[PDB]
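Reading through the structure tokens given below for one structure.
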Amino acid sequence: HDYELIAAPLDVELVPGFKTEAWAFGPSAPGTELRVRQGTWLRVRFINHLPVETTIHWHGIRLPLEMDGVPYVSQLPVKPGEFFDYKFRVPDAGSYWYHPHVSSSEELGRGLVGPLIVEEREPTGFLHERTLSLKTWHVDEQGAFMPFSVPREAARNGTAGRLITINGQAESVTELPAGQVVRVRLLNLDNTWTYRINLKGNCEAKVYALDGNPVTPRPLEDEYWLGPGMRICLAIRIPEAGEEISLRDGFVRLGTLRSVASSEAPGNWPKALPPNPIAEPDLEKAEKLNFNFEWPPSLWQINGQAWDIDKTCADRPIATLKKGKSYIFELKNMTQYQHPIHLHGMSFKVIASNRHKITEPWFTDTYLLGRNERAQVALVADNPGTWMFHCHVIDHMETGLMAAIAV
Ligand SMILES: [Cu+2]
Ligand SMILES: [Cu+2]
């Protein structure tokens, strides 16, 4: 599977009837959609027609280290009118995404994000799917860009996005079936906003995976909090036709789901997603240390106490890990705010905690850590060397809420 790709500085009509001076991954930004079979070292040549350097981070995604879009011993930072060969095996089925790991506030903020369907090689029980690609843009009322870094907004829960965009569309008109189940690849791809999601309106609705990394089929539920660098592969039995089902964030009119007609029979409930083969950790055998949290210009958002810029580029060994050995992490949120703690490279299972309490443990690349929460996450050092790891509230990362570890 061998592929193209512009980083095209695209003027596109974002604000209905207006400008917008943006940097897309080709067209239809948030990015162009990626489909690969679960296998082929996915061949791609990145392209820059933009004025400055940019990687491509394969979020969650557990590639050969070099490839992870991660500056300096992994890959050094690709330039304007230049390319790097992007090539990697695809282990983690279901929705992942892509986006830089450079000056990212600005970069992603200007549209540098996009999805990554990873076609489960098992014939998807779902007849029909769809992609529902969430960002909310740092744009003023005229389309021109609001700042991406905002100190007192960002030193609390993150810098303010504004415009509500699925596939880059405010008020989405995604058209659907009379009777069939539908796969609902929902991707939070925002910088900063942590989205509090529900369904009102008349329909049946079930989930299958989360953050690509599947599990059993839990349904409709309370408002499931979705974080930056989180996703949710999920299903909807839209009823018999008509109903424009209200997609919401708590109350908030996000998108709309026109139930359109079909001369066709029902695509009744698929049996559970066959979970991803992952760093399956041994329970009693692992060991443990911990941290996150605190509050001198640049982030004052301290990391198990370790500034970050001595840690700028090389490594003051912020953690020291061994290959193939199973392992465990306590996480304390210490500042009066909430952080979506992400990982590359590997993807992890969760065990037990405070805020939510644990029925079936779940795989994901990113854990969504609440205030004073102390959650037991666990995996094994599957992939090698220096992997990156950090508060995916992009701003919280940017200048000093990042840290990392090797194998
Ligand atoms: Cu990542
Ligand atoms: Cu954060």
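Annotations for the structure displayed:
- Applying both filters, DSSP loop and at most 14 other Cβ atoms within 10 Å, to the chymotrypsin sites (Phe, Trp or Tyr not before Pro) of the stretch 7-48 gives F18.
- Computing Rg and the Kirkwood Rh from the Cα coordinates of the chain gives a ratio, Rg/Rh, of 0.94.
- In order along the stretch 199-206, the phi-based Karplus estimate (6.51 cos²θ - 1.76 cosθ + 1.60, θ = phi - 60°) of 3J(HN,Hα) comes to 10, 9, x, 8, 6, 8, 7, 10 Hz; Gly and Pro are listed as x.
- Here's how it looks for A22: its modeled amide H is under 5 Å from those of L10, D11, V12, which are all 5 or more places away or on a different chain.
- Whole-Hz couplings from phi, Karplus 6.51/-1.76/1.60, listed for the stretch 42-52; x for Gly and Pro: 5, 7, 8, 10, 6, 9, 10, 10, 9, x, 8
- Couplings for the stretch 156-163, taken from phi via the Karplus curve 6.51 cos²θ - 1.76 cosθ + 1.60 with θ = phi - 60°, read 8, 6, x, 5, 5, x, 8, 8 Hz in order; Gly and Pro are left as x.
- Among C203, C313, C391, sorting on how many other beta-carbon atoms sit within 10 Å of each Cβ, with the fewest leading, yields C313, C203, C391.
- The stretch 211-249 and the stretch 141-200 have Cα centres spaced 14 Å apart.
- 5 angstrom amide H check on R218, placed H, neighbours 5+ away: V207
- Amide H contacts for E243 (H built 1.01 Å from N in the peptide plane; partners 5 or more residues away or on another chain; cut-off under 5 Å): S259.
Note that we place each Cβ from the backbone using ideal geometry, even for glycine, and neighbour counts take in every protein chain shown. Bear in mind that the values in this text are calculations on the coordinates, not laboratory data.
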